[PDB]
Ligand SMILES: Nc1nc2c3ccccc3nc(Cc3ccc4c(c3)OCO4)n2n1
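The form solved without the named molecule is given below as one chain in structure tokens.
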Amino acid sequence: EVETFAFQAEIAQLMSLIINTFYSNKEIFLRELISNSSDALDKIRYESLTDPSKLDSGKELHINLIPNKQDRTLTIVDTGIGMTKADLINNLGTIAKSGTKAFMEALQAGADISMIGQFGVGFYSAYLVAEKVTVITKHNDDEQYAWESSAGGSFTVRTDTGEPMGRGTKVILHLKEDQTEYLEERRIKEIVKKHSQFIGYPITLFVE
């Protein structure tokens, strides 16, 4: 069972801006997704402070970066709080309508696309480098779901009968053909060191 949804107009506009604007500094997508993962990790840590059973679905709080040159994917995995079905549908747990408005106003006043994360919509920077994004997620007390979109105004949601995750989120970037530098170990290492060097969770770059 696959459900197809339309993006809200403002989010479709955000995505079209990201996909169509000439902007060479694409590498910031990784900083933004790592930051989102850190935020998700913070959320489950906070819940666990008063209810340790929240970590029964996995105690380790970390981020994995997994390139796969055969599939042309870069996957960012975290063991954060995850998302419910309703969160997925609600713009991946964001306030993307108001955030998009604030980002657009900032762009008009001299900001650039690299500032996207200040507006709570950094996830969508994935579309700087990905033709399709698949998000697999598992929140405590909800089932595992897969969200997917190739932009074009719609996304899908289905229950994921794939490999179980204990808890967290996997963002699978199906890279554009000219963006395969982001599968190279030395390039990923460089970007992590430049933009994510103080993130307070382990970031493991897998090799192939």
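A residue's number is simply how far along the shown sequence it sits, counting from 1. Only residues modelled in both forms are compared. Between two forms, the rigid core is the largest collection of C-alphas that superpose within 1.5 Å.
Only in words, not in the display: the form deposited with the named molecule bound, which the text now covers.
Can you check whether the pocket is open or blocked when the named molecule is overlaid onto this chain using its placement in the deposited complex? Blocked = 3+ ligand atoms within 2.4 Å of backbone or C-beta.
After C-alpha superposition the pocket is blocked.
Check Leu74 for me: does it contact the named molecule in the deposited complex (non-hydrogen atoms, 4.5 angstroms)?
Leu74: no contact with the named molecule in the deposited complex.
Can you tell me whether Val129 touches the named molecule? I mean in the deposited complex, with a 4.5 angstroms heavy atom cut-off.
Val129: no, not in contact with the named molecule in the deposited complex.
In the deposited complex, is there a heavy atom of the named molecule that lies within 4.5 Å of any heavy atom of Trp147, even though the partner is absent here?
Result yes; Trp147 sits at the interface with the named molecule in the deposited complex.
Mind listing which residues of 113 to 147 have a heavy atom within 4.5 Å of the named molecule in the deposited complex?
If the 4.5 Å heavy-atom criterion is applied to the named molecule in the deposited complex, 113 to 147 yields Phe123, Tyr124, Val135, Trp147.
Only one of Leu92, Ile76, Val133, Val129 shifts by 2 Å or more at CA between this form and the one not shown when the core is aligned; which is it?
The listed residue whose C-alpha shifts by at least 2 Å is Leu92.
Quick one: in the deposited complex, is the Cα gap between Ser16 and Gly93 smaller or bigger than here? Answer closer or farther; it shifts by 3 Å or more.
They are closer; the C-alpha distance drops by 3 Å or more in the deposited complex.
Closer or farther: the CA pair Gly93/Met15 in the deposited complex, versus this form, with a change of 3 Å or more?
Closer together, by at least 3 Å.
Among residues found in both forms, what runs of at least 3 in a row have Cα shifts of 2 Å or more between this form and the one not shown after core fitting?
Once the cores are aligned, run 90 to 94 is the only one whose C-alphas move by at least 2 Å.
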